[PDB]
Protein chains: 2
Amino acid sequence: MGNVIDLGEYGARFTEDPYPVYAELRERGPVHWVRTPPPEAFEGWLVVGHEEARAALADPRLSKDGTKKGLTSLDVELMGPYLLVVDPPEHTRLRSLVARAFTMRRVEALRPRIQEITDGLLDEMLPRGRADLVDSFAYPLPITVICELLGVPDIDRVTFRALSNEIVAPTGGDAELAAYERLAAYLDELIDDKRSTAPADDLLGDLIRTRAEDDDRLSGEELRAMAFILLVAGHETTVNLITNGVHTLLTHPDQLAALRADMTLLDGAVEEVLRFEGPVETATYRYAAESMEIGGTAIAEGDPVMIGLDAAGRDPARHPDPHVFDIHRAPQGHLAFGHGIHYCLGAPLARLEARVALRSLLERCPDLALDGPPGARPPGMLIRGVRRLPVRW
Amino acid sequence: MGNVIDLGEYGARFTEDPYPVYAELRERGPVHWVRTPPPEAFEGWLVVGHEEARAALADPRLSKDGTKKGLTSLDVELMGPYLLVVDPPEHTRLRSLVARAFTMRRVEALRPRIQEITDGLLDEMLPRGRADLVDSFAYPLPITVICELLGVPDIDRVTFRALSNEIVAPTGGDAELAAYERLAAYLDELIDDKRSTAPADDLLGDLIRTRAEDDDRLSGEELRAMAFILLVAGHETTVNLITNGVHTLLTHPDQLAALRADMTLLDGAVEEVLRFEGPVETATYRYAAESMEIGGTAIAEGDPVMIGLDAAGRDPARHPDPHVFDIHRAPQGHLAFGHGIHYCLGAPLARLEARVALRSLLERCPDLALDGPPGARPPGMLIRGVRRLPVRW
Ligand code: HEM
Ligand code: HEM
Ligand SMILES: CCCCCCCCCCCC(=O)O
Ligand SMILES: CCCCCCCCCCCC(=O)O
């Protein structure tokens, strides 16, 4: 317990642009005690260096499961135990039930369908000459893809969106509480309706049959929490990827022109976007399961640790000229998806969605431009991006 | 125990060029029960898929501590417990002793010296007009860099090399163990020469003080074995990266000419070598501590797992047109340094050692060329490289 820097006190220059602070801090060291901005201005360690971001993602002394300390956060209570709030051996078991669904091989078999979705959205959007890229394009593609994968297409997406939006960028203690208890219910309703059809040849179908079987493979509260995460992690991350993409592209016409000149560079741009504006700014819940250290810095048992994945993406030791967006940038290991046991299950899917989305849009909009200012940034440290992206072509 | 892909049945073809075989296996699936080529032909699961390689490296069910199942290899007993034969918490305790020395900040401080060393090696070497690159350049640089770092002042480099070479590629039973004891003699005596000397501020200094202040933080057995791993891992890998690098460039003249023409590309180029001819072909000892699955293949408890890193580097689904060497390659996440708790401690160092070496040399030898046939490949699944590389300039 000592000198805290309150990130609130940087105002909203820091929400809009966290990097010159991240940098300032990274020069002073790799790890520092921090109160995050309001609302729900949380405190604990922030990791801002790559090498330490990487290594703390792998450190077996960091836990994600607070019930081992007697604490029991909301999402745990109302959703259940899910992938990001458990450690091995339960992590392993729950993970094994869904890994085969999300391999490169299987994800590639969705290409034609993701392409077809993208074509219909651009068809629908193009003729009106201008729009919110999010409502019109970048939201519906992932939320349609993930609902089809599960599969549950007649879902109320708008209720879903708003609940999902709240739980990843909480506006306050009550709203948060409300949305969690509202989504728990919605999910309970959803699962039952899926149980009430029979021949569900799909991951949630498979998942409901697994729970019903009297192995501890999958509990009822785990089944709810699985679908919570599959649906939510699919959604805001990928919307933001696609949107941060186009946004940074159009704020860097050098590179965009470079890219249209040679569309083989496309995938290398996506990787630069993921480095430079990675949709997950700050990694999810971790605390010290024992006394340990990260820099020279002693972290005591109990302290939370927050790994700055976007902070690491602009480490100059790892990424020379970190504040420059270069497609032709030298192979450039980032941490946008994590590392270690909880490395993103959706990475191949995300990469596919985002690549197909961005190619098709750029092919079908030679004159795409901003028009003009982008919408509100959600609150909290989890998500990096904007809710509305007004665009024209 | 079931079907065995005997890797020996392929002959010297495989040892020379394993990639077409890896590709044939990977096309069937990503994991296979194998028999390593002779000598001391060994059985286990070889992982040949990128996605499965990453997961396996992070999987908490694989152990590297054979003692936990009543089995002691020549390295463990004779050298001691060191970083690649322990799991957490022993691993966590040992790695803490040394992480601070191998950081990016600290490594970069060595750039003047590594350069100075690279130049001394080239000034001496360049007038003779031709040389074995290994004896004259690639070997001495890493063995010098690491020795200073420790710092073991004057080293018998001709003896150490032979010992080290043998334990990293064993030729037979009698030679292997002999090398371990002959090497276990030298380290002990290297350790005591340091013990019997004026205390100064370097890693071995700090290590030996820790041994003396024993609260099980560092046992003398572990002290030998730490000095073992750092000297040995420091040397084979880096020599082989420098060598693999020069040789791949000279067998691919367009790409070299592209690099000669634009030396900013060097770094991408180096990362492409690591992907294409990674010095560590197959990662070190791992076994299943409980029964598991890897690509939907059932792994019994006790089965060895061999994670094929170079195999992963030619995986079509992670790297398109994998058997093309492309200085301009894009998104290209490889696994040449591992992943998870045991990720290379020395990667920023290796990258630095290699980059200096390749630049200085390429800048001072504009008509560098092969002359003619390269040396023999050592045996075993650990090292991918040749042991004598004759060049001219
Ligand atoms: C589009 C960009 C995406 C990014 C940047 C991203 C990023 C991440 C990150 C950083 C984590 C780990 C965070 C931590 O360790 O605390 C993660 C985990 C996860 N992601 Fe994603 N993700 C993306 C897309 C997806 C998609 C499409 C899905 C599902 C369809 C998904 C499902 C998950 C799941 C289930 C986890 C938890 C894994 C575990 O604990 O074992 N992600 N993602
Ligand atoms: C030149 C290229 C290098 C490559 C490709 C390389 C590769 C690797 C790989 C793949 C591992 C993990 C193997 C496994 O999980 O079984 C590893 C571990 C290690 N490497 Fe390297 N390495 C290199 C250079 C170095 C250097 C220069 C040093 C020391 C100065 C070093 C020290 C280590 C150590 C100490 C470990 C063990 C880490 C642990 O168990 O926690 N390496 N390296
Ligand atoms: C500061 C907000 C943290 C809230 C933790 C719960 C979020 C669950 C959704 C995770 C999505 C993802 O990991 O990509
Ligand atoms: C199964 C392989 C075990 C080999 C034991 C020898 C250890 C040599 C250390 C080199 C480690 C590395 O560079 O990855």
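Just so it is clear, the values below take in all heavy atoms, side chains as well, and ignore hydrogens, waters and symmetry mates. Protein chains get the first letters and strands the later ones, always in sequence-line order, with residue 1 at the start of each.
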Under 3.5 Å, which donor-acceptor pairs do the side chains of residues 286-295 of chain A form with other protein atoms, sequence neighbours left out?
from, atom 1, to, atom 2, distance (Å)
A:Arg286, NH1, A:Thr284, O, 3.4
A:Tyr287, OH, A:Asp65, O, 2.6

Charged N to carboxylate O below 4.0 Å: is that the case for [X] and [Y]?
| X | Y | answer |
| --- | --- | --- |
| B:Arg13 | B:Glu16 | no |
| B:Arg105 | A:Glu51 | no |
| B:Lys194 | B:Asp202 | yes |
| B:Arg384 | B:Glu277 | yes |
| B:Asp135 | B:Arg161 | yes |

By ring pair (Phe, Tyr, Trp, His ring centres under 6.0 Å) - contacts of [X] (at least two apart):
| X | answer |
| --- | --- |
| A:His339 | B:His339 |
| A:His91 | A:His342 |
| B:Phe14 | B:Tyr22 |

Over 12 non-hydrogen atoms of neighbours within 6.0 angstrom of CZ in B:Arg111:
no
For residues [X] and [Y], determine if any side-chain heavy atom of one lies less than 4.5 Å from a side-chain heavy atom of the other.
| X | Y | value |
| --- | --- | --- |
| B:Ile117 | B:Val145 | yes |
| B:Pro379 | B:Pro37 | no |
| B:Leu190 | B:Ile155 | yes |
| B:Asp267 | A:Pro331 | no |

Side chain of B:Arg195, backbone of B:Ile208: donor and acceptor closer than 3.5 Å?
no
Partners of B:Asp156 by salt bridge (charged side-chain N to carboxylate O under 4.0 Å, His left out), sequence neighbours excluded?
none
Taking only residues two or more places apart in sequence or in another chain, which ones pass salt bridge (charged side-chain N to carboxylate O under 4.0 Å, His left out) with B:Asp6?
none
Report yes or no: do B:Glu236 and B:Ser164 form a side-chain donor-acceptor pair below 3.5 Å?
yes
Side chains of B:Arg157 and B:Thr144: do they bring a donor and an acceptor to under 3.5 Å?
yes
Side chains of residues 40-48 of chain B: which donor-acceptor partners sit under 3.5 Å, not counting sequence neighbours?
from, atom 1, to, atom 2, distance (Å)
B:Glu43, OE1, B:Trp33, NE1, 2.7
B:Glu43, OE2, B:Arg35, NH1, 2.9
B:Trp45, NE1, B:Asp303, OD2, 2.8

Does any pair with a residue in residues 156-179 of chain B pass ring-ring contact (aromatic ring centres under 6.0 Å, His included), and if so which ones, sequence neighbours excluded?
B:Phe160-B:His235
Any pair with a residue in residues 206-228 of chain B that passes ring-ring contact (aromatic ring centres under 6.0 Å, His included), sequence neighbours left out, goes on the list, sorted by first then second residue, please.
B:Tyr82-B:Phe228
Residues forming a side chain to side chain donor-acceptor pair (under 3.5 Å) with B:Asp17, sequence neighbours excluded
none
Return all side-chain donor-acceptor pairs below 3.5 angstrom for residues 170-181 of chain B, not counting sequence neighbours, or 'none' if the list is empty.
from, atom 1, to, atom 2, distance (Å)
B:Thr171, OG1, B:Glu166, OE1, 3.4
B:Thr171, OG1, B:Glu166, OE2, 2.7

Less than 3.5 Å apart, which donor and acceptor atoms pair up between the side chains of residues 216-223 of chain B and the rest of the protein, not counting sequence neighbours?
from, atom 1, to, atom 2, distance (Å)
B:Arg217, NH1, B:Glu213, O, 3.0
B:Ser219, OG, B:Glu222, N, 3.3
B:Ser219, OG, B:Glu222, OE1, 3.3
B:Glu222, OE1, B:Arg93, NH1, 3.1
B:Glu222, OE1, B:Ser219, N, 3.3

